[PDB]
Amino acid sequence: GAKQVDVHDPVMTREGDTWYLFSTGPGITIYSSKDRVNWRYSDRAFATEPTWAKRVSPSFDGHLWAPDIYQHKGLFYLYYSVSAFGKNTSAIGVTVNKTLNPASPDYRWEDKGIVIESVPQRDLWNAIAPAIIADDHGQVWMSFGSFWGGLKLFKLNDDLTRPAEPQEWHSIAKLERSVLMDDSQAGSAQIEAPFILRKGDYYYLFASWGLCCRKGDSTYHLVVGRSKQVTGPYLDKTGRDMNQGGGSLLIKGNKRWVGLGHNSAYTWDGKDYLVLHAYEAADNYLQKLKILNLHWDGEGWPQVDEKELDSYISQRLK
């Protein structure tokens, strides 16, 4: 290729011998790769935009946020966020395809509409940044959230397009906020973008703390907690519940990478990987894809080598 690939809020999956990468961007931006390093543009999920997006977000600009990709019964489920900066006029949608290869006769994204929507003054959460997790009991869950009253988990219905009925919800992580604050304001609870990975006997909840998207002043970083059951509670290394501000440091930025986060995490062929964006100080703070090897310490906690922020170098192909 020649330049690193620029992404925000990345997720990944493999179909056959091809890797696919999904990013925040117009219609959700999709790339493909044979080796996880050299990436070509593949498609955008929506050629224009979801038919319903403007009614949720009247000033919608075409950019969909924070995708999650999930394989289930032979299909590909791509969750995506419609929102507006600074507000909780937001909704998570899902669109489904039979395959990820755009040359395939089976290739077509079909929107299934709104999974969940937040409404100002009704909901103390923000319906963005979905992540899908299955448990040991045949059930599938969505975690999501950003600012307001924090991160939530709810049970999905049988087709994975709406909340199961009757509904079942759980709070999984939170930072301080008084309800006397105006309901329309994001607050000081700088927590977002949950992602859950099952490893050994625990579920691990990753979350982003601090502020993204602000050049030299970004404080964005990753913290983690763990729970025996998918529904919590997620505790940190000191035994503090993430519902009361717990979370142990996984990785933070340095002089070259000022802010990093909004991660995913995967087990591929018996090894584990952390997938994130990081803002490159030497290139106008432009967010680059980073894939790091995910290790586990003697106490059962994830660990990464921050040197891989430099040695993992994606390439954008023609």
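The numbering used is simple: start at 1 and walk along the sequence shown.
Do the CA atoms of 210-218 or those of 147-155 have the higher mean B-factor in the entry?
The stretch with the larger mean CA B-factor is 210-218.
So among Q121, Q185, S118, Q139, who wins on Cα B-factor in the entry?
In this record, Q139 carries the highest C-alpha B-factor of the candidates.
Would you please rank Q303 by its C-alpha temperature factor against the other modelled residues of its chain and give the third it falls in: lowest, middle or highest?
It falls in the top third of the chain.
How does the C-alpha B factor of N38 compare with the rest of the chain: lowest, middle or highest third?
Middle third.
Rank-wise, by C-alpha B-factor, drop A103 into the lowest, middle or highest third of its chain.
Ranked within chain, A103 CA B lands in the highest tercile.
Name the third of the chain's ranked CA B-factors that contains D241, choosing lowest, middle or highest.
Ranked within chain, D241 CA B lands in the lowest tercile.
Taking the C-alpha B-factors as the PDB entry records them, is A173 in the lowest, middle or highest third of its chain?
Tercile = lowest for this residue's CA B-factor.
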